[PDB]
Amino acid sequence: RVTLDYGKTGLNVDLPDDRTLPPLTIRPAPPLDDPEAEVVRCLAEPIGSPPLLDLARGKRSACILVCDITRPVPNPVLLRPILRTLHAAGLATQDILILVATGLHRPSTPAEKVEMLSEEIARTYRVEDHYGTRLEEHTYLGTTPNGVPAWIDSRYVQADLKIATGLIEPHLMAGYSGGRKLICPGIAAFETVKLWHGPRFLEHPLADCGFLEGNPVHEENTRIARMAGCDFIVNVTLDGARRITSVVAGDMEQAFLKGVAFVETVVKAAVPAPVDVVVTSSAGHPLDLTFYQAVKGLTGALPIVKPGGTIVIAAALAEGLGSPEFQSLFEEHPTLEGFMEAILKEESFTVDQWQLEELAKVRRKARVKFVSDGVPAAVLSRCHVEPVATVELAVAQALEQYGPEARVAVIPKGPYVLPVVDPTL
Ligand SMILES: *C(=S)c1cc(C(=O)S)c[n+]([C@@H]2O[C@H](COP(=O)(O)O)[C@@H](O)[C@H]2O)c1
Ligand code: NI
């Protein structure tokens, strides 16, 4: 018996005893007893930065970037100390903007702003959303040597003091989330993101979970973020129960890399050899709201599935498939092969196509069985996955085609684990 992450509830699955490896879980590092007190200490003694109070001296306006609903950042724990420090430094609440770094996601709703930020903060401060398809809300900062133009939200570019908050987790394109990613793509225009999420970047072998050095995705969003600037970040790591296990604050690159150095010591979980069947999740609520995000559980399982093996994923999909643009791609391209022909041979850019490109990467290696009660089976069957009524049935089906020596690996927390093959085991 194992509980997979699944919406707000989890999902209790019973897996075959003689076939299943010990579940892959991150290492049990100690939660911080008092994370808010730790944030306070880190703002007074940051990495590679003057203390926040001293940075904020004389500043007339501030813009604080926060993640949208898809990241479970405990924002009030980070924001209350920042906002106290800005108040102490003399900035009026009217001089402070909280900007939701949607990337190209839909804007957050009023209720989502309350769940992300707490009612007190959502009712007191101006909280606005980034709109990546509105180029008029962005400022041009230059073009990188790779030819990517940097278009960044003007409210951030024009603020005297620039602050970004976030969460360091594995990411299927950028290696790890956090740090610089709040700027690119968090508040970058489609004119920037369509090229940075284009196939010339995403087909690179190191554009994958856990890779930073040598990953052109990470090299390029670090460069773009530095053309905008960021005076101060606060980033956290979370364990499986969503408790904070580390806080880093300070310089956007040095604090990020310190956070990554810690998370690398807990997120890796190894198997002795790749397996025929991998059971995984999409990390539950809030990540698993849409099929668009649930592709992350599929790419996360790739390193430990055998070529031609099967990934079984459970995801609640409470909000359905994803954006209208994403959904239109399934109608426009009934096969992944035709989709890939379209985007590889010409400069063809549709909002959200990058997650269809990641799904194509998955299906070149593995079959997918998808368990969800959030989208009807008829819809999922046109999304290049096989809907199956239950995880236990999906595993039994997969074990039938692979035979008596086939083994099952299970990753209850899905893409928040970095599964690896270690032959020395
Ligand atoms: C990572 S490539 C990324 C992509 C998008 C797209 O729409 S593309 C959006 N975001 C959002 O940006 C914020 C920072 O991302 P991080 O990966 O959590 O560091 C966050 O609000 C993401 O939802 C990221
Ligand atoms: Ni992105």
Side-chain angles (χ1 to χ4, degrees), residues 38-39 41-44 46-56 59 62-67 71 73 78 82 85 99 101 103 141-146 148 150-153 156-157 159-188 192-193 196-197 201 204 206-212 214-238 244-257 259-267:
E38 197 56 32
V39 171
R41 284 186 280 275
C42 290
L43 299 183
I47 306 170
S49 171
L52 187 55
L53 186 70
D54 300 337
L55 288 173
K59 290 318 177 298
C63 182
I64 306 173
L65 305 188
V66 301
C67 295
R71 318 305 211 235
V73 190
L78 289 61
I82 293 168
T85 294
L99 181 51
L141 304 174
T143 292
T144 71
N146 281 326
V148 180
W151 292 92
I152 301 304
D153 196 290
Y156 179 83
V157 171
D160 295 359
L161 182 62
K162 298 163 171 53
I163 299 160
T165 62
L167 160 70
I168 303 173
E169 295 281 7
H171 189 269
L172 76 169
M173 302 158 194
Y176 289 95
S177 287
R180 85 297 195 206
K181 209 164 172 306
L182 273 292
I183 291 154
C184 182
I187 50 163
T192 296
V193 179
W196 176 66
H197 279 345
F201 285 92
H204 193 281
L206 293 185
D208 204 2
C209 306
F211 294 104
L212 295 181
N215 179 357
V217 173
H218 163 73
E219 292 163 356
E220 189 75 359
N221 75 340
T222 298
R223 162 175 298 268
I224 289 172
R226 277 281 182 220
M227 309 145 71
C230 185
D231 299 304
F232 201 86
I233 71 161
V234 179
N235 282 181
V236 299
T237 57
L238 302 172
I244 293 172
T245 52
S246 79
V247 179
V248 296
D251 176 74
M252 180 207 69
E253 303 176 58
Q254 291 165 239
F256 172 68
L257 288 180
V260 165
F262 174 74
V263 75
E264 274 176 356
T265 75
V266 303
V267 282

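We use all heavy atoms of the structure for the numbers below, so side chains are in, but hydrogens, waters and symmetry mates are not. Numbering of residues begins at 1 and proceeds along the displayed sequence.
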Would you kindly check if the NZ (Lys) or CZ (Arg) of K162 is within the cone defined by 45 degrees around the ring axis of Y156 and under 6.0 Å from the six-membered ring centre?
yes
Quiz item: Should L238 and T245 be marked as a side chain to side chain contact (heavy atoms under 4.5 Å, CB included) after you check the CA-CA gap, both sets of side-chain angles, and the distance that decides it?
Solution: CA-CA 6 Å; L238 302 172; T245 52; 5.8 Å; no
So CG of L257 and CE of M252: to nearest 0.5 Å the spacing works out to 9.5 Å
Output for pair (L182 CG, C67 SG), nearest 0.5 Å, gives 4.5 Å
So that I can tick it off, tell me whether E169 and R71 are bridged by a salt bridge, with the cut-off set at under 4.0 angstrom between side-chain N and carboxylate O.
no
In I82, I233, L99, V234, the residue satisfying side-chain contact (heavy atoms from CB on, under 4.5 Å) with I163 is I82
**Request:** Measure the shortest side-chain to side-chain distance between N235 and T165 over non-hydrogen atoms and say whether it is less than 4.5 angstrom.
**Result:** no
Q. Are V73 and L78 side-chain neighbours, meaning at least one heavy-atom pair lies under 4.5 Å?
A. yes
Partner of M173 under side-chain contact (heavy atoms from CB on, under 4.5 Å), picked from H197, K181, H218, is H197
Closest non-hydrogen contact found for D160 with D231 is O-OD2, 3.8 Å
Q) Can any side-chain N or O of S49 pair as donor or acceptor with the backbone N or O of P46 at less than 3.5 Å? A) no
For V217 and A174 the tightest heavy-atom approach is CG1-CA, 3.7 Å
By side-chain contact (heavy atoms from CB on, under 4.5 Å), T144 pairs with (sequence neighbours left out) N146, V148, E220, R223, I224, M227
Could you give me the CA-CA distance, side-chain angles and deciding distance for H204 and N215, then say whether side chain to side chain contact (heavy atoms under 4.5 Å, CB included) is met?
CA-CA 8 Å; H204 193 281; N215 179 357; 5.6 Å; no
**Prompt:** Is the shortest distance from a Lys or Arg side-chain nitrogen in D251 or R180 to a carboxylate oxygen in the other one below 4.0 Å?
**Reply:** no
Would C230 and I183 count as a side chain to side chain contact (heavy atoms under 4.5 Å, CB included) here? Give the steps. CA-CA 8 Å; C230 185; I183 291 154; 3.8 Å; yes
Stepwise side chain to side chain contact (heavy atoms under 4.5 Å, CB included) test for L55 and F232:
CA-CA 9 Å; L55 288 173; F232 201 86; 3.6 Å; yes
Check: Under a 4.5 Å cut-off applied to non-hydrogen side-chain atoms, are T237 and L167 in contact?
Finding: no
Worksheet item: Between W151 and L141, is any pair of side-chain heavy atoms under 4.5 Å apart?
Response: no
Closest non-hydrogen atoms of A62 and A159, given as atom of the first, atom of the second and distance, are C-CB, 4.1 Å
Applying side chain to side chain donor-acceptor pair (under 3.5 Å) to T85 and not counting sequence neighbours gives none
Side chains of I168 and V260, heavy atoms from C-beta outward: is any pair under 4.5 Å?
yes
Are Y176 and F211 side-chain neighbours, meaning at least one heavy-atom pair lies under 4.5 Å? no
Are the side chains of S246 and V236 in touch, meaning some heavy atoms are under 4.5 Å apart?
-> no
